[PDB]
$ cat model12.pdb   # PDB, C-alpha atoms
ATOM      1  CA  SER A   1       0.000   0.000   0.000
ATOM      2  CA  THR A   2       0.853   3.683  -0.220
ATOM      3  CA  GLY A   3      -0.560   7.016   0.873
ATOM      4  CA  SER A   4      -0.122  10.589  -0.339
ATOM      5  CA  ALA A   5      -1.440  13.726   1.368
ATOM      6  CA  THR A   6      -0.951  17.431   0.810
ATOM      7  CA  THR A   7       0.471  19.461   3.690
ATOM      8  CA  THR A   8      -0.371  23.161   3.884
ATOM      9  CA  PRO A   9       1.279  26.033   5.806
ATOM     10  CA  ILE A  10      -0.894  27.320   8.623
ATOM     11  CA  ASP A  11       0.042  30.974   7.994
ATOM     12  CA  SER A  12       2.056  33.269   5.724
ATOM     13  CA  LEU A  13       5.308  32.519   7.609
ATOM     14  CA  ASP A  14       5.191  28.706   7.345
ATOM     15  CA  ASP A  15       5.098  28.514  11.147
ATOM     16  CA  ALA A  16       3.806  24.939  10.835
ATOM     17  CA  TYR A  17       2.113  22.663   8.318
ATOM     18  CA  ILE A  18      -1.220  20.835   8.604
ATOM     19  CA  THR A  19      -2.212  17.629   6.843
ATOM     20  CA  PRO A  20      -5.774  16.266   6.791
ATOM     21  CA  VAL A  21      -6.260  12.951   8.585
ATOM     22  CA  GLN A  22      -9.384  10.765   8.620
ATOM     23  CA  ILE A  23     -10.210   9.275  12.035
ATOM     24  CA  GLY A  24     -13.057   6.896  12.854
ATOM     25  CA  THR A  25     -16.158   5.588  11.117
ATOM     26  CA  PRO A  26     -17.725   7.574   9.548
ATOM     27  CA  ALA A  27     -14.568   9.558   8.960
ATOM     28  CA  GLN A  28     -13.889  12.622  11.074
ATOM     29  CA  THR A  29     -11.292  14.744   9.273
ATOM     30  CA  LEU A  30      -8.858  16.663  11.490
ATOM     31  CA  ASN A  31      -5.907  18.770  10.356
ATOM     32  CA  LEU A  32      -2.840  17.456  12.162
ATOM     33  CA  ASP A  33       0.741  18.691  12.511
ATOM     34  CA  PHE A  34       2.943  15.842  11.271
ATOM     35  CA  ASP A  35       5.898  15.861  13.652
ATOM     36  CA  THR A  36       9.016  13.777  12.992
ATOM     37  CA  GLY A  37      10.290  14.964  16.403
ATOM     38  CA  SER A  38       7.645  13.202  18.529
ATOM     39  CA  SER A  39       5.760   9.931  18.617
ATOM     40  CA  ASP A  40       2.198  10.588  19.847
ATOM     41  CA  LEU A  41      -0.881  10.963  17.644
ATOM     42  CA  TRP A  42      -3.090  13.211  19.779
ATOM     43  CA  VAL A  43      -6.195  15.220  18.971
ATOM     44  CA  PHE A  44      -8.494  17.869  20.289
ATOM     45  CA  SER A  45     -11.616  15.980  21.242
ATOM     46  CA  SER A  46     -15.053  15.984  22.829
ATOM     47  CA  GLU A  47     -13.151  15.327  26.080
ATOM     48  CA  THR A  48     -10.967  18.445  25.881
ATOM     49  CA  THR A  49     -11.677  21.011  28.607
ATOM     50  CA  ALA A  50     -14.150  23.337  26.936
ATOM     51  CA  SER A  51     -12.321  26.563  27.832
ATOM     52  CA  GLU A  52      -9.186  25.181  26.125
ATOM     53  CA  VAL A  53     -10.892  24.693  22.742
ATOM     54  CA  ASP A  54     -11.014  27.809  20.509
ATOM     55  CA  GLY A  55     -11.900  26.968  16.914
ATOM     56  CA  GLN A  56     -10.236  23.569  16.483
ATOM     57  CA  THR A  57     -12.056  20.637  14.958
ATOM     58  CA  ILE A  58     -12.598  17.931  17.573
ATOM     59  CA  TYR A  59     -12.639  14.144  17.431
ATOM     60  CA  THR A  60     -15.740  12.694  19.091
ATOM     61  CA  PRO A  61     -15.097   8.992  19.757
ATOM     62  CA  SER A  62     -18.709   8.326  20.750
ATOM     63  CA  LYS A  63     -19.716   9.056  17.125
ATOM     64  CA  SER A  64     -17.214   6.538  15.701
ATOM     65  CA  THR A  65     -18.451   2.963  15.414
ATOM     66  CA  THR A  66     -14.844   1.718  15.312
ATOM     67  CA  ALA A  67     -13.547   3.628  18.356
ATOM     68  CA  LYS A  68     -12.658   1.602  21.442
ATOM     69  CA  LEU A  69     -11.421   2.983  24.744
ATOM     70  CA  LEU A  70      -7.937   1.659  25.506
ATOM     71  CA  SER A  71      -8.772   0.837  29.095
ATOM     72  CA  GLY A  72      -6.487   2.373  31.699
ATOM     73  CA  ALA A  73      -4.238   4.114  29.198
ATOM     74  CA  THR A  74      -3.194   7.733  29.706
ATOM     75  CA  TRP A  75      -0.712  10.022  27.995
ATOM     76  CA  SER A  76       1.081  13.248  28.814
ATOM     77  CA  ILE A  77       3.617  15.087  26.673
ATOM     78  CA  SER A  78       5.745  18.231  26.897
ATOM     79  CA  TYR A  79       7.404  19.707  23.826
ATOM     80  CA  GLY A  80      10.635  21.639  23.420
ATOM     81  CA  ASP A  81       8.746  24.930  23.102
ATOM     82  CA  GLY A  82       7.223  24.454  26.560
ATOM     83  CA  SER A  83       3.769  23.440  25.326
ATOM     84  CA  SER A  84       2.023  20.331  26.610
ATOM     85  CA  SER A  85      -1.095  18.186  26.469
ATOM     86  CA  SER A  86      -2.513  15.068  28.129
ATOM     87  CA  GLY A  87      -5.522  12.770  28.257
ATOM     88  CA  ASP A  88      -6.768   9.235  27.605
ATOM     89  CA  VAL A  89      -6.569   6.872  24.633
ATOM     90  CA  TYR A  90      -8.830   5.231  22.073
ATOM     91  CA  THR A  91      -7.984   2.898  19.259
ATOM     92  CA  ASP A  92      -9.646   3.688  15.947
ATOM     93  CA  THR A  93      -9.173   3.565  12.186
ATOM     94  CA  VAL A  94      -6.872   6.295  10.883
ATOM     95  CA  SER A  95      -6.258   7.095   7.216
ATOM     96  CA  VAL A  96      -3.720   9.476   5.675
ATOM     97  CA  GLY A  97      -3.882  10.160   1.962
ATOM     98  CA  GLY A  98      -5.568   6.839   1.210
ATOM     99  CA  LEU A  99      -3.406   4.713   3.550
ATOM    100  CA  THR A 100      -5.436   3.112   6.345
ATOM    101  CA  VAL A 101      -4.314   1.767   9.735
ATOM    102  CA  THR A 102      -6.806  -0.069  11.901
ATOM    103  CA  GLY A 103      -6.329  -0.120  15.648
ATOM    104  CA  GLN A 104      -4.229   3.057  15.745
ATOM    105  CA  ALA A 105      -3.836   4.651  19.172
ATOM    106  CA  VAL A 106      -5.635   7.997  19.008
ATOM    107  CA  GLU A 107      -4.714  10.016  22.087
ATOM    108  CA  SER A 108      -7.654  12.157  23.138
ATOM    109  CA  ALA A 109      -6.705  15.409  24.858
ATOM    110  CA  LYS A 110      -8.374  16.231  28.136
ATOM    111  CA  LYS A 111      -6.030  19.205  28.663
ATOM    112  CA  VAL A 112      -3.921  21.303  26.303
ATOM    113  CA  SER A 113      -1.616  24.213  27.071
ATOM    114  CA  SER A 114      -2.347  27.768  25.998
ATOM    115  CA  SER A 115      -0.291  27.735  22.809
ATOM    116  CA  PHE A 116      -2.400  24.871  21.441
ATOM    117  CA  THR A 117      -5.677  26.567  22.388
ATOM    118  CA  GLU A 118      -4.482  29.793  20.778
ATOM    119  CA  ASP A 119      -3.753  28.100  17.434
ATOM    120  CA  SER A 120      -7.126  27.386  15.869
ATOM    121  CA  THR A 121      -5.573  25.810  12.760
ATOM    122  CA  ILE A 122      -3.935  22.764  14.412
ATOM    123  CA  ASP A 123      -6.323  20.030  15.570
ATOM    124  CA  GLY A 124      -3.559  17.831  17.003
ATOM    125  CA  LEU A 125      -0.238  16.195  16.215
ATOM    126  CA  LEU A 126       0.735  13.057  14.325
ATOM    127  CA  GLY A 127       4.092  11.845  15.592
ATOM    128  CA  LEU A 128       6.563  10.273  13.178
ATOM    129  CA  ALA A 129       9.653   9.805  15.375
ATOM    130  CA  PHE A 130      10.437   6.352  16.790
ATOM    131  CA  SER A 131       7.794   4.639  18.890
ATOM    132  CA  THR A 132      10.197   4.410  21.850
ATOM    133  CA  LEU A 133       9.271   8.070  22.572
ATOM    134  CA  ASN A 134       5.511   7.431  22.691
ATOM    135  CA  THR A 135       4.135   8.609  26.044
ATOM    136  CA  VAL A 136       1.157   6.250  26.523
ATOM    137  CA  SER A 137       1.202   4.502  29.892
ATOM    138  CA  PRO A 138       1.189   1.746  31.041
ATOM    139  CA  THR A 139       1.380   0.211  27.541
ATOM    140  CA  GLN A 140       3.404   2.248  25.074
ATOM    141  CA  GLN A 141       1.773   2.620  21.646
ATOM    142  CA  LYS A 142       3.111   2.600  18.090
ATOM    143  CA  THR A 143       3.150   5.497  15.669
ATOM    144  CA  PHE A 144       1.017   5.567  12.542
ATOM    145  CA  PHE A 145       4.117   4.876  10.444
ATOM    146  CA  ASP A 146       5.199   1.961  12.651
ATOM    147  CA  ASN A 147       1.719   0.431  12.366
ATOM    148  CA  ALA A 148       1.571   0.937   8.589
ATOM    149  CA  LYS A 149       5.139  -0.086   7.791
ATOM    150  CA  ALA A 150       4.658  -3.793   7.105
ATOM    151  CA  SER A 151       1.833  -3.042   4.649
ATOM    152  CA  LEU A 152       3.714  -0.354   2.733
ATOM    153  CA  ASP A 153       5.286  -1.067  -0.649
ATOM    154  CA  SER A 154       8.567   0.233   0.831
ATOM    155  CA  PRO A 155       9.099   1.036   4.551
ATOM    156  CA  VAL A 156       9.562   4.767   4.031
ATOM    157  CA  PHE A 157       7.824   8.097   4.206
ATOM    158  CA  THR A 158       8.891  11.359   2.579
ATOM    159  CA  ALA A 159       8.508  15.008   3.530
ATOM    160  CA  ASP A 160       8.338  17.592   0.744
ATOM    161  CA  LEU A 161       7.483  20.831   2.526
ATOM    162  CA  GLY A 162       6.770  23.946   0.500
ATOM    163  CA  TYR A 163       8.086  27.468   0.952
ATOM    164  CA  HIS A 164       5.002  29.651   1.320
ATOM    165  CA  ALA A 165       3.142  26.908  -0.568
ATOM    166  CA  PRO A 166       1.634  23.448  -0.039
ATOM    167  CA  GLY A 167       3.743  20.305  -0.179
ATOM    168  CA  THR A 168       3.367  16.568   0.269
ATOM    169  CA  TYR A 169       3.813  13.712   2.704
ATOM    170  CA  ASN A 170       4.052  10.338   0.972
ATOM    171  CA  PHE A 171       4.020   6.916   2.626
ATOM    172  CA  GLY A 172       5.426   3.762   1.075
ATOM    173  CA  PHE A 173       7.050   5.133  -2.076
ATOM    174  CA  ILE A 174       9.579   7.673  -3.335
ATOM    175  CA  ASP A 175       8.173  10.033  -6.001
ATOM    176  CA  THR A 176      11.121  10.295  -8.383
ATOM    177  CA  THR A 177       9.482  13.334 -10.058
ATOM    178  CA  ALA A 178       9.549  15.355  -6.835
ATOM    179  CA  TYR A 179      13.289  16.100  -6.649
ATOM    180  CA  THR A 180      16.262  16.950  -8.843
ATOM    181  CA  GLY A 181      19.516  15.050  -9.041
ATOM    182  CA  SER A 182      20.048  12.123  -6.693
ATOM    183  CA  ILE A 183      19.068  11.414  -3.092
ATOM    184  CA  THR A 184      22.039  11.265  -0.712
ATOM    185  CA  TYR A 185      21.473   8.900   2.207
ATOM    186  CA  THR A 186      23.109   9.347   5.596
ATOM    187  CA  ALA A 187      23.224   7.294   8.782
ATOM    188  CA  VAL A 188      20.686   7.674  11.589
ATOM    189  CA  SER A 189      21.024   7.050  15.309
ATOM    190  CA  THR A 190      17.784   6.031  17.011
ATOM    191  CA  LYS A 191      19.356   6.125  20.490
ATOM    192  CA  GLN A 192      17.367   9.223  21.528
ATOM    193  CA  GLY A 193      14.233   8.192  19.618
ATOM    194  CA  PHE A 194      14.744  10.820  16.905
ATOM    195  CA  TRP A 195      15.745  10.866  13.245
ATOM    196  CA  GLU A 196      19.205  11.916  14.381
ATOM    197  CA  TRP A 197      21.993  12.334  11.845
ATOM    198  CA  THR A 198      25.275  14.194  11.319
ATOM    199  CA  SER A 199      25.606  16.984   8.784
ATOM    200  CA  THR A 200      29.046  17.326   7.218
ATOM    201  CA  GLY A 201      29.244  21.120   7.464
ATOM    202  CA  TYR A 202      27.924  24.439   6.245
ATOM    203  CA  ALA A 203      28.441  27.546   4.161
ATOM    204  CA  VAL A 204      27.050  31.079   4.464
ATOM    205  CA  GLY A 205      26.003  32.675   1.190
ATOM    206  CA  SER A 206      28.689  32.324  -1.450
ATOM    207  CA  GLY A 207      31.336  31.628   1.186
ATOM    208  CA  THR A 208      33.556  28.592   1.383
ATOM    209  CA  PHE A 209      32.184  25.381   2.846
ATOM    210  CA  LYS A 210      33.332  24.583   6.381
ATOM    211  CA  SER A 211      33.713  20.853   6.934
ATOM    212  CA  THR A 212      32.547  20.087  10.464
ATOM    213  CA  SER A 213      30.267  17.447  11.958
ATOM    214  CA  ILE A 214      26.917  18.773  13.210
ATOM    215  CA  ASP A 215      24.768  16.169  14.965
ATOM    216  CA  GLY A 216      21.084  17.040  14.883
ATOM    217  CA  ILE A 217      17.546  15.842  14.284
ATOM    218  CA  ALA A 218      15.276  16.073  11.246
ATOM    219  CA  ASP A 219      12.181  17.583  12.879
ATOM    220  CA  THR A 220       9.180  18.606  10.789
ATOM    221  CA  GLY A 221       7.445  19.806  13.965
ATOM    222  CA  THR A 222       9.993  22.553  14.664
ATOM    223  CA  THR A 223       9.674  25.733  12.595
ATOM    224  CA  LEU A 224      13.264  27.017  12.595
ATOM    225  CA  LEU A 225      16.819  25.784  12.120
ATOM    226  CA  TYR A 226      18.689  25.528  15.463
ATOM    227  CA  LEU A 227      22.464  25.136  15.186
ATOM    228  CA  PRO A 228      25.542  25.667  17.361
ATOM    229  CA  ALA A 229      26.224  29.228  18.434
ATOM    230  CA  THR A 230      29.453  29.373  16.404
ATOM    231  CA  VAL A 231      27.618  28.531  13.167
ATOM    232  CA  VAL A 232      24.726  30.879  13.870
ATOM    233  CA  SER A 233      27.068  33.787  14.695
ATOM    234  CA  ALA A 234      28.928  33.208  11.412
ATOM    235  CA  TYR A 235      25.629  33.390   9.527
ATOM    236  CA  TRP A 236      24.263  36.565  11.145
ATOM    237  CA  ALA A 237      27.625  38.340  10.943
ATOM    238  CA  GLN A 238      26.929  38.545   7.199
ATOM    239  CA  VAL A 239      23.721  40.587   7.736
ATOM    240  CA  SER A 240      24.268  44.273   8.491
ATOM    241  CA  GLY A 241      22.581  45.221  11.743
ATOM    242  CA  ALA A 242      21.708  41.702  12.838
ATOM    243  CA  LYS A 243      22.054  41.009  16.537
ATOM    244  CA  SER A 244      21.027  38.537  19.192
ATOM    245  CA  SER A 245      18.301  40.069  21.354
ATOM    246  CA  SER A 246      17.742  38.570  24.793
ATOM    247  CA  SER A 247      14.444  40.450  25.084
ATOM    248  CA  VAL A 248      13.076  39.064  21.828
ATOM    249  CA  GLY A 249      14.608  35.611  22.338
ATOM    250  CA  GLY A 250      17.039  35.237  19.451
ATOM    251  CA  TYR A 251      18.657  36.826  16.447
ATOM    252  CA  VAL A 252      16.789  39.683  14.816
ATOM    253  CA  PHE A 253      17.746  41.650  11.742
ATOM    254  CA  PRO A 254      16.604  44.768   9.902
ATOM    255  CA  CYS A 255      13.548  43.965   7.817
ATOM    256  CA  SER A 256      15.181  45.973   5.012
ATOM    257  CA  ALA A 257      17.954  43.364   4.688
ATOM    258  CA  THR A 258      18.458  40.855   1.901
ATOM    259  CA  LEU A 259      19.460  37.627   3.631
ATOM    260  CA  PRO A 260      22.230  35.326   2.386
ATOM    261  CA  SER A 261      21.571  31.676   1.726
ATOM    262  CA  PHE A 262      22.708  28.936   4.093
ATOM    263  CA  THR A 263      24.093  25.615   2.853
ATOM    264  CA  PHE A 264      24.279  22.414   4.907
ATOM    265  CA  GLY A 265      26.149  19.231   4.000
ATOM    266  CA  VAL A 266      24.658  15.765   3.623
ATOM    267  CA  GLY A 267      27.661  13.564   3.031
ATOM    268  CA  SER A 268      29.367  15.006  -0.042
ATOM    269  CA  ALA A 269      26.098  16.638  -1.154
ATOM    270  CA  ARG A 270      24.857  20.128  -0.357
ATOM    271  CA  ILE A 271      21.380  21.525   0.383
ATOM    272  CA  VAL A 272      20.982  25.280  -0.153
ATOM    273  CA  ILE A 273      18.431  27.178   1.945
ATOM    274  CA  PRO A 274      17.618  30.427   0.076
ATOM    275  CA  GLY A 275      17.922  33.595   2.126
ATOM    276  CA  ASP A 276      14.195  34.307   1.882
ATOM    277  CA  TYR A 277      13.440  31.067   3.765
ATOM    278  CA  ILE A 278      15.268  32.549   6.788
ATOM    279  CA  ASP A 279      12.980  35.614   7.078
ATOM    280  CA  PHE A 280      10.270  35.169   9.753
ATOM    281  CA  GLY A 281       8.976  38.707   9.488
ATOM    282  CA  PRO A 282       8.441  41.521  11.971
ATOM    283  CA  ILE A 283       8.904  40.631  15.641
ATOM    284  CA  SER A 284       5.595  42.424  16.314
ATOM    285  CA  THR A 285       3.088  43.928  13.921
ATOM    286  CA  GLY A 286       4.537  46.989  12.212
ATOM    287  CA  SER A 287       8.068  46.571  13.553
ATOM    288  CA  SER A 288      11.079  47.015  11.294
ATOM    289  CA  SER A 289      12.974  44.379  13.287
ATOM    290  CA  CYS A 290      12.541  40.924  11.750
ATOM    291  CA  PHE A 291      12.992  37.525  13.386
ATOM    292  CA  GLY A 292      15.652  35.189  12.069
ATOM    293  CA  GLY A 293      14.999  31.653  10.882
ATOM    294  CA  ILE A 294      18.408  30.347  12.007
ATOM    295  CA  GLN A 295      18.835  30.434  15.785
ATOM    296  CA  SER A 296      21.237  29.041  18.361
ATOM    297  CA  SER A 297      20.658  25.581  19.806
ATOM    298  CA  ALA A 298      22.833  26.405  22.827
ATOM    299  CA  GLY A 299      19.876  26.379  25.241
ATOM    300  CA  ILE A 300      18.221  23.268  23.774
ATOM    301  CA  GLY A 301      20.776  20.488  24.153
ATOM    302  CA  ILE A 302      20.347  19.300  20.541
ATOM    303  CA  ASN A 303      20.646  20.783  17.075
ATOM    304  CA  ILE A 304      17.359  20.807  15.157
ATOM    305  CA  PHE A 305      16.974  20.712  11.367
ATOM    306  CA  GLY A 306      13.450  22.096  11.434
ATOM    307  CA  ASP A 307      11.176  23.274   8.651
ATOM    308  CA  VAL A 308      13.528  26.078   7.509
ATOM    309  CA  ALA A 309      16.062  23.417   6.527
ATOM    310  CA  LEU A 310      13.760  20.568   5.546
ATOM    311  CA  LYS A 311      11.621  22.668   3.179
ATOM    312  CA  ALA A 312      14.739  23.251   1.026
ATOM    313  CA  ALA A 313      14.919  19.497   0.361
ATOM    314  CA  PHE A 314      13.029  16.356  -0.536
ATOM    315  CA  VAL A 315      13.540  14.261   2.594
ATOM    316  CA  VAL A 316      13.307  10.462   2.821
ATOM    317  CA  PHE A 317      12.650   8.933   6.233
ATOM    318  CA  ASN A 318      13.791   5.357   5.595
ATOM    319  CA  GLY A 319      12.353   3.005   8.229
ATOM    320  CA  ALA A 320      14.167  -0.116   7.086
ATOM    321  CA  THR A 321      15.641  -2.412   9.747
ATOM    322  CA  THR A 322      18.567   0.016   9.918
ATOM    323  CA  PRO A 323      16.923   3.425   9.410
ATOM    324  CA  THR A 324      18.571   6.126   7.313
ATOM    325  CA  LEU A 325      17.720   9.620   6.066
ATOM    326  CA  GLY A 326      17.881  10.782   2.462
ATOM    327  CA  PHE A 327      18.098  14.345   1.177
ATOM    328  CA  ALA A 328      17.739  15.646  -2.372
ATOM    329  CA  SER A 329      17.549  19.109  -3.841
ATOM    330  CA  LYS A 330      14.267  20.011  -5.517
TER     331      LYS A 330
END
$ encode --input "model12.pdb" --output "structure tokens"
Amino acid sequence: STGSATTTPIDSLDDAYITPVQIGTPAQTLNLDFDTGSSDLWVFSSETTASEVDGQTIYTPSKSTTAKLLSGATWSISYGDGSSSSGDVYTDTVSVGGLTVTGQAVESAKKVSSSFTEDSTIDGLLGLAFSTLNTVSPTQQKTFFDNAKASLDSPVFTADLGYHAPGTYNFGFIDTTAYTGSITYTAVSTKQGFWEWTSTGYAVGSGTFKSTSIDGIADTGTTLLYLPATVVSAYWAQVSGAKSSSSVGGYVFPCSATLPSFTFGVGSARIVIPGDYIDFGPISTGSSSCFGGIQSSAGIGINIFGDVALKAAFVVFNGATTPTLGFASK
């Protein structure tokens, strides 16, 4: 089997991407944030505290003839941005782009933190990291990809995120029309539960490539590119007037600037992030200070190849017995 679904930016900045997902019988379609940095499929629901729902579409398990309470199971998750959610668990039929999993754990939110409530466009998350990170207790649950894998034509999914435009998540096949050149594959460590890999270096604009190993994660659920402070300083030093602002929470730059590109290495190959992809617009409405799309990872503990980086590439998440990642230009 295969599946193919369009993923759409939630706003004009590409702050996140939503992909429609069919849950239950008859289908209830929710727009989920596909997140290769986590491993829970959770949804706003009829059980979510009413004051914490503000415009999201909810899953109502009582209206699904295939929903079954997973007795005794609870979940609770906290994300790197400080947001969180928790609740109980159903199993139900879940379909993405024509690919159907029966018995998928659908984690129903009883509580969500303010940032989720305040984002009316995201009805939940669909985790695509390794199932070892799934938070369901006392019986850990598998991700949608893990459940689908054996049925797929090939045990892979691909992320093709657009810049200020829709893109595609495919399951079970590699669309050879969706990229240019060849796909360069690179090793993955699953030891932290992530799609963790090592970039071979970077360049700023037309500058020379610096060969240096940068361990990080391919994370579709993180907006920006978070890299070591040395690398980030070298980037922003090429933008007149750019500075790190403790009050704003990162590098800002004059909105009048033209940003240089940023290149990262994948083995001997190179992915170029155009300068425009690094512009996240005014820090507040009407400001002439703009927020940068490359930020320091120093306070995180891990480097994160988020959407800013991934949207410059066609990305293969290869879930073979020994997982690997593939990157191609597009």
$ residues_around --input "model12.pdb" --residues "segment 302-305 of chain A" --least-positions-apart "6" --cutoff "9 Å" --atoms "all atoms listed in the file" --output "PDB file with C-alpha atoms, in the coordinates of the input"
ATOM      1  CA  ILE A 214      26.917  18.773  13.210  1.00  0.00           C
ATOM      2  CA  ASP A 215      24.768  16.169  14.965  1.00  0.00           C
ATOM      3  CA  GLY A 216      21.084  17.040  14.883  1.00  0.00           C
ATOM      4  CA  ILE A 217      17.546  15.842  14.284  1.00  0.00           C
ATOM      5  CA  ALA A 218      15.276  16.073  11.246  1.00  0.00           C
ATOM      6  CA  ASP A 219      12.181  17.583  12.879  1.00  0.00           C
ATOM      7  CA  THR A 220       9.180  18.606  10.789  1.00  0.00           C
ATOM      8  CA  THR A 222       9.993  22.553  14.664  1.00  0.00           C
ATOM      9  CA  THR A 223       9.674  25.733  12.595  1.00  0.00           C
ATOM     10  CA  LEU A 224      13.264  27.017  12.595  1.00  0.00           C
ATOM     11  CA  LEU A 225      16.819  25.784  12.120  1.00  0.00           C
ATOM     12  CA  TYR A 226      18.689  25.528  15.463  1.00  0.00           C
ATOM     13  CA  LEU A 227      22.464  25.136  15.186  1.00  0.00           C
ATOM     14  CA  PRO A 228      25.542  25.667  17.361  1.00  0.00           C
ATOM     15  CA  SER A 296      21.237  29.041  18.361  1.00  0.00           C
TER      16      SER A 296
END
$ atom_distance --input "model12.pdb" --atom1 "atom CA of residue 132 of chain A" --atom2 "atom CA of residue 38 of chain A"
9.7 Å
$ residues_around --input "model12.pdb" --residues "residue 189 of chain A" --least-positions-apart "2" --cutoff "12 Å" --atoms "all atoms listed in the file" --output "list in words"
residues 129, 130, 186, 187, 191, 192, 193, 194, 195, 196, 197, 198, 215, 216, 217, 218, 319, 322, 323, 324 and 325 of chain A
$ closest_residue --input "model12.pdb" --among "A:41, A:308, A:298, A:156" --to "residue 17 of chain A" --atoms "all atoms listed in the file"
A:308
$ residues_around --input "model12.pdb" --residues "residue 121 of chain A" --least-positions-apart "5" --cutoff "12 Å" --atoms "only C-alpha atoms" --output "VMD selection string"
chain A and resid 8 to 11 15 to 20 30 to 33 44 53 to 58 115 to 116
$ resolve_selection --input "model12.pdb" --expression "the PyMOL selection byres ((chain A and resi 267) around 8)" --output "list in words"
residues 184, 185, 186, 199, 200, 265, 266, 268, 269 and 270 of chain A
